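Chains as they are written, first to last, in PDB author numbering: chain Y, 1 to 75; chain R, 1 to 75; chain V, 1 to 75; chain W, 1 to 75; chain X, 199 to 296; chain L, 51 to 148; chain Z, 1 to 493; chain A, 199 to 247; chain G, 347 to 395.
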Amino acid sequence: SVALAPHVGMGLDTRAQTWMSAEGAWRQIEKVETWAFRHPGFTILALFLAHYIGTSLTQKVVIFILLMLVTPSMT
Amino acid sequence: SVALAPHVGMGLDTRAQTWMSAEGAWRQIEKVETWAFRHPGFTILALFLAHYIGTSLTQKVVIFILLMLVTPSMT
Amino acid sequence: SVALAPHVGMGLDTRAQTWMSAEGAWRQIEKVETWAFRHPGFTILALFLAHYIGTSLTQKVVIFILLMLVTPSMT
Amino acid sequence: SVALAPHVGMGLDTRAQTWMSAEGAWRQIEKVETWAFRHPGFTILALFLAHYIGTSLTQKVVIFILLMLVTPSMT
Amino acid sequence: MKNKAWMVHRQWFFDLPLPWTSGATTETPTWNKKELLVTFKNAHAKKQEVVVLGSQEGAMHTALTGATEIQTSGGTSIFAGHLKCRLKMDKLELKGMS
Amino acid sequence: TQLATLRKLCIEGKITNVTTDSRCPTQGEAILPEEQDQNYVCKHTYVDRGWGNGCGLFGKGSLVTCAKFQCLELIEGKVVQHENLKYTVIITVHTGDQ
Amino acid sequence: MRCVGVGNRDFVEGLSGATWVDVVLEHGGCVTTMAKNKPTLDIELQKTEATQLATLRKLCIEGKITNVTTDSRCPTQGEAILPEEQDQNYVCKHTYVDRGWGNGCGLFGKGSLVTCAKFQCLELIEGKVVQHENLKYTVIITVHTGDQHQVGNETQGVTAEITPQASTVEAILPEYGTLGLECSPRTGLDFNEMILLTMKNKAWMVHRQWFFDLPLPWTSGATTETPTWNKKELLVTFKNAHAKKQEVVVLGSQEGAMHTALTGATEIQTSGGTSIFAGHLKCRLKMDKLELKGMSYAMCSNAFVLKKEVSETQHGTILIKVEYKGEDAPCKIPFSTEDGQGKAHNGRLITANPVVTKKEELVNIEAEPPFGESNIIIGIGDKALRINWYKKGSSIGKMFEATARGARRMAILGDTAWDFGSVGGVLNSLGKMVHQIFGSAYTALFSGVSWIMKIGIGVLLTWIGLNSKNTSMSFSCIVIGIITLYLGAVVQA
Amino acid sequence: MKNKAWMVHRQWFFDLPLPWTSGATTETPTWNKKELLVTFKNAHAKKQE
Amino acid sequence: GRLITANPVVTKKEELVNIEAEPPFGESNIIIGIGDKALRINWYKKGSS
Ligand SMILES: *[C@@H]1O[C@H](CO)[C@@H](O[C@@H]2O[C@H](CO)[C@@H](O)[C@H](O)[C@H]2NC(C)=O)[C@H](O)[C@H]1NC(C)=O
Ligand SMILES: *[C@@H]1O[C@H](CO)[C@@H](O[C@@H]2O[C@H](CO)[C@@H](O)[C@H](O)[C@H]2NC(C)=O)[C@H](O)[C@H]1NC(C)=O
Ligand SMILES: *[C@@H]1O[C@H](CO)[C@@H](O[C@@H]2O[C@H](CO)[C@@H](O)[C@H](O)[C@H]2NC(C)=O)[C@H](O)[C@H]1NC(C)=O
């Protein structure tokens, strides 16, 4: 839909506050947190996938974080 | 917003077509493709990040795909 | 009496709701948090004191947390 | 309440004696002593915790003092 | 919605960033979390102006994707359901056996 | 047969009665008497004040602007009591009619 | 418009040569130019308005649907056709449904079905690009004369119109000479790659390529009586139900979803003729012809009296309100800043020539005091009024504050910020060039990255740098990660 | 308080939890954060006081 | 900045004359007069060499 492609990250940055800067700064984080806390089961699956693909701890953490962020956002 | 949390992946699945099944099945993929083709520069950055974190090719591909999916969707 | 010694530690307890349980549960932690926010330099001082006395991370962490809990409360 | 956050330590010292200096100088110490006297067993518990967390004698005594100070004031 | 109902899982309708009410059929409602609609723009940090964000009808319609629709004409009639009737055919005779 | 309304979100919103109170930078948070009114929705912001704004002390001062809120349209979620359902099974006879 | 206490006033001092200073004017905040033996000026870009707008494309947000039709075919007979598919007014999709002797078909199976319905948009959004040479930059230039009423007064100043047709404008200041503005209206915000849509009485400034990528049905925007909507399938939704019949309904008003999708896009005024706020201009100030008012007056021989308590601006600058009780009305205000325990003249005026114009009139004197306790004398003789003040903070504090302010200025402005207050300079130009190259390279990489995703990538880059054995690569990754964290923490102003 | 006055640090004064209003000499004002001087207790789970 | 139209001569002084010029890739101010009455056109040519 239209809301799925916000006008963020574009090259037009000025002094004045953008439209819904304060509200739109944390909406993605809030929705990710709500989905994660409403589907706690997927946390262990993400941990499992990260652990059997990340050879080092840094790779494990990167893959786990990316899986945690992508799945609610693809919802 | 409201549209950022679609009613998908829930446990209520029946025979009848859901509301906007055909339209809503591919909206995320379409928006990811549009963002990727409108910001081709980020592709090489994602490749760079995947290559300096993925020891094996499978880890490289997983990290690259996850970075490609997450960044437009967090937009 | 003075609020410094509330009747929270006595062994007597029951099924019924205690007087001002909802507030008194988190009153002390709220005071500690607001004191910490008001005076952030003592965080640095406690970090230094814990780092120069705690050989192990357990020792340093316990000293830091105890020292950050005493000063707002012993004031 | 408001009595738990006294106006102590704020940089407004003057030559004139402050309000309730004599009492408020020692109210905290009196509270700690009366709690440590009405609940002797916590002295044993704090000695155990300090012994099993304090490698050196100075660390042991610091942990023991901090434990016997935080708990009366966290009541 | 408005003349278009849907069947939604319970815990999602409790997680919609829209201001709710008790639903007590009260004359004057008390909207909770009203900050979701109204947006407060501080402009150039010299004055604050408040405006409504607009009709959430399209965004809600989008957010309802994957949710089975339902008839609401007259009394509600839930289609898209399943039942587990067990058929006991003890007493079924045939017409023309004679 | 019968539906019990459990919670009613709203989708559109109209805003009226915009108010605003300001304080000088050091004087602290600004308060409108209408914050305690559940009808109004509002947020505190910090703006710059000075001799051009009527304040005697330069700096950033607090500011809160409270405005009325009512929802023109609403969405009306209404749970179904699990024992007021009516499953209508239609059973043909497969008689070989024309 | 003589802003003091705006908190973004951005003092600019000095002149390269031939008496001109290059400055960049932004909507939020002023610039304060105080050269030697020139009147000080508090200049800013007041508003930019587009005189005439050309509508380029008009999406629609609501939609009404009428004249629903439907044609069906038996399973093997192929695709169904309505005569109205070729009509651009109607929107429709083919679906497969089951047919049989109960549906009138003689052959069982799944048959094609198409249902075409009329479409018209009740409300529309009306994106309308701005011609880059019909702009009008209105720079308001105060004189900072020390009047009684202008301390933060936003209605007093001199107005100069800056357009690409006539960029260089000499704004005649009253009794202070003619300031020379050599401006550059063509390099501000790149309005060519912006579309400035209007919604309904609420316009916004949007980057060009995003308004072309909105999943809403558009039009040509030709002000035609009957429009031809393209990609109408985005609004209307076709539900095949239980694969036995197809029903079409409108998806509803996209106003809230579009309002959400406009987050991060700077708003804009649309009352009357459009007036673009939130812009920046690069006017270069040529102060050849700026004279002072009272250079020919004498010195005041009588005392002064404070009429309002002195206060400190967010930038450490004090303001003084004195009234001169003396008979020689045209005069000069003696002003010496005596330091603490020493008579060192360490504090300097920000009002070029503090002048009393009338006996009754009050005068506002602006002066930057030293970072320590410092008395200030406003009069002559032993009966001179002496203002005592204690400005708090240290010179290291001002250095850190200025560094952070410049970093922010470079964040919003980019390469153009190198030209702010840039009196000529040859090393400065080289820094601007290298920053241009690196900024283009960075903007190519990090375009379209979010508030949090920028911080995440910055943290990842920093971690990669810390664990990179290659010293050059490690240093590069750490340096780029730190600035990426900064940009992520400052983005979306 | 009544006939007694004190010098208190302004930040501490703003921090101390008590219901407060604009102080605009208006009879019957509205007290922000007035929940600090009321406590609601459940008689087990039957009722509210 | 080069000048494509080789010699911009005004033939009649009543018929308006048009000139084609090639500006530099940076911002450039074009002057079509002798004194301070000179018409000054500034153009910003976006691009790179
Ligand atoms: C909120 O605003 C409305 C209108 O904007 C105010 O209505 C006024 O009501 C009084 C009598 O109740 C009339 O005499 C005025 O003419 C109305 N104002 C108009 C029509 O502009 C209302 O008083 C405001 N305040 C509240 C609390 O509702
Ligand atoms: C589309 O539908 C409208 C109404 O739904 C049709 O309008 C009819 O128009 C004729 C004359 O033009 C009237 O005699 C009818 O009474 C109208 N129908 C009504 C009012 O229901 C229209 O003909 C349909 N087709 C087109 C191509 O517009
Ligand atoms: C800003 O400047 C204007 C004009 O200099 C001031 O308007 C003057 O106000 C005084 C008294 O307040 C009057 O005696 C003058 O006649 C006014 N001049 C006008 C209206 O042209 C104004 O007061 C200043 N301050 C503010 C806050 O606007």
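Using N, Cα and C, we set each Cβ at its ideal position, and we do this for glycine too.
Could you check if residue i belongs to the surroundings of ligand 3, using beta carbon to heavy atom distance under 7 angstroms?
| i | result |
| --- | --- |
| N364(Z) | no |
| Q156(Z) | yes |
| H144(Z) | no |
| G106(L) | no |
| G102(L) | yes |
| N375(Z) | no |
Along chain Z, which residues have their Cβ under 7 angstroms away from the Cβ of residue i?
| i | result |
| --- | --- |
| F108(L) | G5, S311, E312, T313, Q314 |
| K239(X) | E267 |
Shorter than 7 angstroms, the distance from the beta carbon of residue i to the closest heavy atom of ligand 1, or not?
| i | result |
| --- | --- |
| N89(L) | no |
| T228(A) | no |
Counting only beta-carbon separations shorter than 8 angstroms, does residue i have a partner in chain Z?
| i | result |
| --- | --- |
| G100(L) | yes |
| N103(L) | yes |
| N353(G) | no |
| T34(R) | yes |
Mind checking residue i: buried by the 16 CB within 10 Å criterion, or exposed?
| i | result |
| --- | --- |
| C183(Z) | buried |
| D147(L) | exposed |
| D382(G) | exposed |
| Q209(X) | exposed |
| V61(Y) | exposed |
Mind pulling the chain X residues with CB within less than 9 angstroms of residue i?
| i | result |
| --- | --- |
| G63(L) | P217, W229, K232, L235, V236, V250, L251, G252, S253, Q254 |
| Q28(Y) | Simply none; closest approach about 12 angstroms. |
| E23(Y) | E233, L234, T237, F238, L251 |
Identify the contact partners of residue i in chain X, using a Cβ-Cβ distance below 7 angstroms as the criterion.
| i | result |
| --- | --- |
| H259(Z) | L251, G252 |
Does any residue of chain A have a CB that is nearer than 8 angstroms to the CB of residue i?
| i | result |
| --- | --- |
| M20(W) | no |
| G111(L) | no |
Can you find a CB in chain R that lies within less than 8 angstroms of the CB of residue i?
| i | result |
| --- | --- |
| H207(X) | yes |
| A278(X) | yes |
| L57(Y) | no |
Is there a Cβ from chain X that is less than 8 angstroms from the Cβ of residue i?
| i | result |
| --- | --- |
| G127(L) | yes |
| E267(Z) | yes |
Closer than 7 angstroms: is that where the CB of residue i sits relative to any heavy atom of ligand 2?
| i | result |
| --- | --- |
| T115(Z) | no |
| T66(Z) | yes |
Taking CB distances under 8 angstroms as the criterion, tell me whether residue i reaches chain W.
| i | result |
| --- | --- |
| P6(V) | yes |
Report yes or no: is there a C-beta of chain L within less than 8 angstroms of the C-beta of residue i?
| i | result |
| --- | --- |
| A243(X) | yes |
| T274(X) | yes |
Determine, using beta carbons only, whether residue i comes closer than 8 angstroms to chain V.
| i | result |
| --- | --- |
| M74(W) | yes |
| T43(W) | no |
What residues from chain Z crowd round residue i, counting only those whose CB sits closer than 9 angstroms?
| i | result |
| --- | --- |
| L49(R) | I457, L460, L461, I464 |
Find the residues of chain A that neighbour residue i, judging by a C-beta separation of less than 8 angstroms, and give them in chain order.
| i | result |
| --- | --- |
| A16(V) | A241, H242 |
What does residue i reach in chain Y if we use C-beta pairs closer than 7 angstroms?
| i | result |
| --- | --- |
| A3(R) | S1, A3, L4 |
I'd like to know whether the C-beta of residue i is nearer than 8 angstroms to at least one C-beta of chain Y.
| i | result |
| --- | --- |
| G11(R) | no |
Along chain V, which residues have their Cβ under 8 angstroms away from the Cβ of residue i?
| i | result |
| --- | --- |
| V62(W) | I53, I63 |
Please decide whether residue i counts as near chain G, where near means a Cβ-Cβ distance under 8 angstroms.
| i | result |
| --- | --- |
| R186(Z) | yes |
Any heavy atom of ligand 4 closer than 7 angstroms to the CB of residue i?
| i | result |
| --- | --- |
| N153(Z) | Inclusion of ligand 4 in the displayed structure is not the case, the ligand content consisting of ligand 1, ligand 2 and ligand 3 alone. |
So residue i contacts chain L; which residues on that side make the cut at Cβ distance below 9 angstroms?
| i | result |
| --- | --- |
| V151(Z) | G100, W101, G102 |
Q. The region 411-425 of chain Z: which residues have C-beta closer than 8 angstroms to a C-beta of chain R, in chain order?
A. Residues of the region 411-425 of chain Z whose Cβ lies closer than 8 angstroms to any Cβ of chain R: none.
Q | Within 9 angstroms of chain X by C-beta, residues of the region 6-39 of chain Z in sequence order | A | Here the close residues are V6, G7, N8, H27, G28, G29.
Q: Taking a Cβ distance cut-off of 7 angstroms, strictly less, list which residues of the region 440-456 of chain Z are near chain R, in chain order.
A: Here the close residues are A444, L445, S447, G448, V449, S450, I452, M453.
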